[PDB]
Novice: 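This structure is in structure tokens; I'll ask about it shortly.
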Amino acid sequence: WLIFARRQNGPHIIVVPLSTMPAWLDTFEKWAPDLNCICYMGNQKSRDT
DNA sequence: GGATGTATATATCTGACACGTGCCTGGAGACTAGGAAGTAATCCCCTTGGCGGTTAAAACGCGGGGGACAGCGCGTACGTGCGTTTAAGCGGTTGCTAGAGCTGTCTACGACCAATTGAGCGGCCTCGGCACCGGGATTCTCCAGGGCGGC
């Protein structure tokens, strides 16, 4: 709603526990498929990538 | 029949015990002040038993070669013994000076106490420098028009 209706489509950050974060990723894949939701975990080279 | 080995007795040497004396240092008695024990409050660090996630260190295995160790040869340098020298060790001279010990006098220097104040500790405001944001100048990629060729 913040992205589509009010046009506030800037950088949002969601900080979650690691164990629940696949349950956030598939929720973003299902409910908001048009969004550019990215994932930020891993070692130094993955985060650099 | 003479001299030798051995036992008991007597005088002398020597470490130890007790007596005597000084003196000075430790003990007894009394008084006082402050060092430390005890109390309460506040705040921060440490303890024990857990969880989660990163990740680099620890562990394990394996191949291989460098290094530890053993053996052997050799030659030199150190041990050993003897003869010779030399200097240490002891006893001794001869004076003077340094130093410990004791006594005496005195004076400058440091302890002690009261009043003071200025250097040390904490916080607050500001600057030097680094960094975030807005505006101007410079260079790169691109879309369209003009001209030429083919059926």
Side-chain angles (χ1 to χ4, degrees), chain A residues 1-6 8-28 30-49:
Chain A
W1 178 86
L2 215 54
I3 283 187
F4 279 99
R6 282 307 174 276
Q8 282 281 90
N9 47 3
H12 308 145
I13 177 163
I14 304 186
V15 186
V16 295
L18 183 86
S19 52
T20 72
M21 186 175 178
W24 286 77
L25 273 168
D26 65 344
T27 311
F28 263 105
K30 168 181 176 179
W31 286 82
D34 300 331
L35 260 63
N36 199 356
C37 46
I38 67 171
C39 172
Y40 197 74
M41 65 180 73
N43 48 2
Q44 195 49 253
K45 56 192 310 296
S46 160
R47 278 176 281 132
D48 280 327
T49 304

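Just so it is clear: chains get the letters A, B, ... in the order the sequence lines come, proteins before strands, and each one is counted from 1. When reading the values below, keep in mind they use all heavy atoms of this one structure, side chains included, and skip hydrogens, waters and symmetry mates.
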Novice: Without decimals, in angstroms, what is the distance between A/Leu18 CG and B/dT54 P?
Specialist: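 Atom-to-atom, A/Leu18 to B/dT54, this comes out as 5 Å.
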Novice: Going strictly by the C1'-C2'-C3'-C4' torsion (positive north, negative south), how would you label B/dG50?
Specialist: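 North pucker for B/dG50; the sign of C1'-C2'-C3'-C4' is positive.
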Novice: What is the distance, to the nearest angstrom, from the CZ atom on A/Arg47 to the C1' atom on B/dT54?
Specialist: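 It works out to 9 Å between those atoms.
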Novice: Tell me: OH of A/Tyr40 to P of B/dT54, nearest whole Å?
Specialist: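 To the nearest whole Å, that distance equals 13 Å.
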Novice: Roughly how far apart are A/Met21 CE and A/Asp26 CG, rounded to 0.5 Å?
Specialist: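 Reported value, rounded in 0.5 Å steps: 12.0 Å.
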Novice: Measure the spacing between NE2 of A/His12 and CD1 of A/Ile3 and express it to the nearest 0.5 Å.
Specialist: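 Answer for the NE2-CD1 pair, A/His12 versus A/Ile3, is 5.0 Å.
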Novice: What interatomic distance, in whole Å, is found between P of B/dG135 and the corresponding atom of B/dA56?
Specialist: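 These two P atoms come out 45 Å apart once rounded.
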Novice: What distance separates A/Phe28 CZ from A/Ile38 CD1, expressed to the nearest 0.5 Å?
Specialist: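 It is 11.5 Å, given to the nearest 0.5 Å.
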